[PDB]
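Protein chains in written order, with the entry's author numbering: chain B, 3 to 302; chain A, 3 to 300.
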Amino acid sequence: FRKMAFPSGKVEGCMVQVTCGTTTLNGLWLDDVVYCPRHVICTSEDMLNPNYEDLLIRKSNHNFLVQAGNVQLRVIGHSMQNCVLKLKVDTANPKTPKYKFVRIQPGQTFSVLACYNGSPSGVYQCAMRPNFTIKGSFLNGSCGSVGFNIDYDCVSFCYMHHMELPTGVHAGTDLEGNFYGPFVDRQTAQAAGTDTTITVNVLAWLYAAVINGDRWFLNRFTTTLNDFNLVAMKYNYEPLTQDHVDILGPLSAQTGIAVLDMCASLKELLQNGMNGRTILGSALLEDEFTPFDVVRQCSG
Amino acid sequence: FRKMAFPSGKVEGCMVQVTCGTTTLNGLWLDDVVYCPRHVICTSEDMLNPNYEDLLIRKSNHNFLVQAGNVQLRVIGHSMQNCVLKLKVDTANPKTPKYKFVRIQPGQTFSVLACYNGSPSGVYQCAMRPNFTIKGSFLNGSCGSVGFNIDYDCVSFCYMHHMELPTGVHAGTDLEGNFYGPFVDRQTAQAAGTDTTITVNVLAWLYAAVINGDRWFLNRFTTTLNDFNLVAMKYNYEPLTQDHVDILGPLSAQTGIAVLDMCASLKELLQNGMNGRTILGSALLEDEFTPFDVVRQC
């Protein structure tokens with residue numbers, strides 16, 4: 003299996019840069035609105051302990067430089083929504099795709115188009131960790147880069163990049179400006195909660211193994227969801243939600259292995275170890291492929 | 003640090019669908035020419051031993067259905083260059099980027115835009131293996147998917163997809179239609195030469211793991227280039243050339259770890275293993291990052 007990103011072209015057509023003073027980051031231009039991290043209005047020193055409301059009241063439309071390439075887009079309105087700025091511009095983006103703003107759950111994967119100065123550099127797949135961080139590849143100037151999934155013709159935007167934590171992982175918001183997890187856009191030291199393994203994705207990976215004929219680990223037992231959840235937490239695995247059980251439904255139907263039976267097989271892997279055996283050519287259980295991801299690569 | 007593909011928009015705007023009879027794959031539309039695998043003209047029977055020049059002369063321009071979105075493009079001429087068919091169309095693609103056709107060296111990396119029915123489906127990074135296969139994710143209908151690099155605003159096309167081997171790896175051509183490797187576009191089970199690991203890439207990746215605070219695998223030992231290469235070759239790793247050592251300079255400087263000291267670390271990893279430990283998440287030595295891929299991202 004491969005980490006596979008979505009084609010980025012529909013999102014490339016929406017990236018711009020947004021500058022306040024000498025502070026530049028990326029923004030997302032959809033219809034006649036540009037979305038970007040509100041800390042663009044901060045000086046480097048203001049980032050230590052910003053008063054965003056006070057900083058915004060000192061701002062006018064003509065203090066925002068929005069550029070698509072070297073072409074200025076005139077700002078005609080500004081407002082703050084949580085931790086994002088919405089800049090109304092005088093031109094509707096002709097490359098605007100069909101789109102949605104979605105707030106994803108931990109475990110879900112999405113493509114990141116890493117951008118600098120409004121120019122895309124690279125695309126790659128990220129998983130939202132249970133502690134609401136992602137393992138990005140973000141350098142200075144990358145804020146405002148977005149994460150997305152593409153369903154049919156529709157781009158669902160789910161992430162906008164804001165910061166790096168002390169452990170080197172990354173944090174940010176949805177496109178309504180609400181942070182994932184307990185973080186704030188202040189340049190203070192903040193700690194991610196201890197990370198856990200994404201159980202629903204490990205199960206997706208076991209289904210993937212079965213689809214390809216690798217099924218030694220399937221056992222004759224089942225379990226209750228509560229029993230599995232209590233055992234799993236003792237191994238630093240996430241508990242399963244009802245939504246997780248539902249998103250495993252298609253793989254369960256494809257293989258005929260009930261979800262809770264697969265949970266029983268996973269429990270035995272956790273309790274007795276691999277005992278030297280491999281699954282899909284690996285002794286490590288992979289937890290960054292969602293059920294959707296497994297389908298995309300077993301038939302798309 | 004992360005396996006990162008080039009942004010694919012400039013290539014998405016060139017992908018079309020190409021059908022001949024009951025066979026459908028993708029084409030690359032640049033200016034007024036569409037490029038695609040020549041085996042689109044094959045039937046079921048033809049698969050096993052196609053006499054392409056003979057099958058091609060029996061086809062007419064109207065036997066090729068080319069679709070770009072909702073629109074059919076009219077084929078007004080066709081020619082063959084090696085294993086790629088060139089269909090001239092009456093329309094120029096307005097989204098044609100600045101481009102060039104390059105043949106890549108084994109060990110070099112490129113992005114793949116996987117497409118089905120003319121539609122982009124995903125994008126990922128691959129390397130040309132030393133045995134001239136690629137470990138891709140390609141299903142039925144993926145042929146004509148292309149691989150590429152982007153330098154400034156210019157797309158260098160280096161790979162077009164044609165087949166899967168029984169081991170599950172993949173083979174294809176450059177955009178002149180010449181295969182990478184000893185493979186042939188006939189419907190047969192083909193095996194590759196013994197694959198080897200791209201050593202300069204493993205070293206680059208180890209330098210990456212250090213840059214990101216991961217240095218458990220290091221050691222105080224050193225090695226000569228030739229003595230390292232003896233052990234490398236024993237473990238089916240490619241030999242390291244002095245140009246490879248030179249190429250690794252910037253990473254050496256940045257970390258203060260001499261290239262041959264990192265070779266000593268890799269030699270130790272090869273002979274002992276990882277003993278359960280992991281590097282940048284991996285239980286295996288990754289060899290599809292080039293030194294350039296690492297620096298650009300650091």
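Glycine included, C-beta positions come from ideal geometry on N, C-alpha and C.
Under 8 Å from the C-beta of residue i: neighbouring residues of chain A
i, result
"B:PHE223", "Within chain A, no residue comes near B:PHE223; the closest Cβ sits about 28 Å away, beyond 8 Å."
"B:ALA70", "Here the premise fails: no neighbours, minimum Cβ distance about 14 Å."
"B:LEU208", "Under the 8 Å cutoff, chain A gives no residues; its nearest Cβ is about 18 Å from B:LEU208."
Neighbour flag for residue i against chain A, beta carbons, 8 Å
i, result
"B:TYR126", "yes"
"residue 369 of chain B", "Residue 369 of chain B is absent from the model: chain B starts at 3 and stops at 302."
"B:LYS5", "yes"
"B:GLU14", "yes"
"B:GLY174", "no"
"B:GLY278", "no"
Residues near residue i in its chain [Cβ-Cβ closer than 6 Å; skip 5 each side]
i, result
"A:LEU50", "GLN189"
"A:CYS85", "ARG40, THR175, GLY179 and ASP187"
"A:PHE103", "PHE159 and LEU177"
"A:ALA129", "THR111 and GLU290"
"B:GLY302", "none"
"A:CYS265", "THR225 and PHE230"
"A:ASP263", "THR224"
"B:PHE185", "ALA173 and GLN192"
"B:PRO52", "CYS44"
"A:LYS12", "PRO99 and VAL157"
"B:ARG105", "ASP176"
Cβ shell of residue i (< 7 Å), same chain only, five flanking positions each side left out
i, result
"B:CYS22", "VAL42, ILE43, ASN65 and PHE66"
"B:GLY149", "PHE112, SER113, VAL114, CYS128, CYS160 and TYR161"
"A:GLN299", "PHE3 and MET6"
"B:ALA194", "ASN133, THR135, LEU167, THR169 and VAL171"
"B:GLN83", "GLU178 and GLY179"
"B:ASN119", "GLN19, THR26 and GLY143"
"A:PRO293", "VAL202, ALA206, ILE249, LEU250 and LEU253"
Chain B contact residues for residue i, given Cβ-Cβ distances below 8 Å
i, result
"A:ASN214", "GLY170"
"A:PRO122", "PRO9 and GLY11"
"A:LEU115", "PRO9"
Supposed contact pair residue j and residue i - C-beta distance, whole angstroms, cut 8 Å
i, j, result
"A:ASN28", "A:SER147", "6 Å"
"A:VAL20", "A:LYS88", "Not confirmed; about 11 Å, so no contact."
"B:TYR182", "B:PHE134", "4 Å"
"B:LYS97", "B:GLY15", "3 Å"
"A:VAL91", "B:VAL125", "Wrong, their Cβ atoms sit about 29 Å apart, outside the cutoff."
"A:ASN95", "A:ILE78", "Not a contact, Cβ separation roughly 15 Å."
"B:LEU205", "B:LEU268", "6 Å"
"B:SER10", "A:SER121", "Rounded, the Cβ-Cβ distance is 15 Å, inconsistent with contact."
Neighbourhood of residue i by C-beta, 8 Å cutoff - its chain only, sequence neighbours within 5 removed
i, result
"B:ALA260", "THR224 and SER254"
"B:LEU282", "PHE3, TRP207, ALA210, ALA211, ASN214, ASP216 and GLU288"
"A:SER123", "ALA116 and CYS117"
"A:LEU57", "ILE43, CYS44 and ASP48"
"B:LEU271", "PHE219 and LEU287"
Proximity test, Cβ basis, 8 Å: residue i and chain B
i, result
"A:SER254", "no"
"A:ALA285", "yes"
"A:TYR101", "no"
"A:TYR118", "yes"
Closer than 7 Å at the beta carbon, the chain A residues around residue i
i, result
"B:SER139", "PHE3, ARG4, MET6 and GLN299"
"B:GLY302", "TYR118, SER123 and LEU141"
Checklist entry - Between the region 43–59 of chain B and the region 150–170 of chain B, do at least 3 Cβ pairs fall closer than 8 Å? => result Verdict: no, contact absent.
Checklist entry - Contact between the region 193–201 of chain B and the region 229–247 of chain B: three or more CB pairs below 8 Å? => result Between the region 193–201 of chain B and the region 229–247 of chain B there are three or more C-beta pairs closer than 8 Å, enough to call the two in contact.
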